[PDB]
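Numbering (the numbering used here), first residue to last: -11 to 47.
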Amino acid sequence: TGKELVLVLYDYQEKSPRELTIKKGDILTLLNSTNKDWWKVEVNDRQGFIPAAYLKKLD
């Protein structure tokens, strides 16, 4: 944690190797948001990509 924190708007399910699965209601740590459609977050044990649209930057 510590850095940018994000809110998961809807619970997402990974569809490919680079992605992660997240649940609506969770505040996770944001690792990378340079890409417009995919943002790297961190949940429980590992890091990975989920739709940038599924996340709200909590600044």
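All C-beta atoms in this analysis are idealised placements derived from N, C-alpha and C, irrespective of residue type, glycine included.
{"Item": "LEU16 CB to nearest heavy atom of the ligand ZN below 7 Å", "Value": "As far as ligands go, the structure on display features none, and thus does not contain the ligand ZN."}
{"Item": "Check whether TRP26 and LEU43 have beta carbons under 8 Å apart", "Value": "no"}
{"Item": "C-alpha distance - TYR0 paired with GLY(-10), whole-angstrom precision", "Value": "23 Å"}
{"Item": "Beta-carbon gap between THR22 and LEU(-7) smaller than 8 Å", "Value": "no"}
{"Item": "Selected residue, minimal CA-CA separation from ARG34, among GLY13, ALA40, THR9", "Value": "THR9"}
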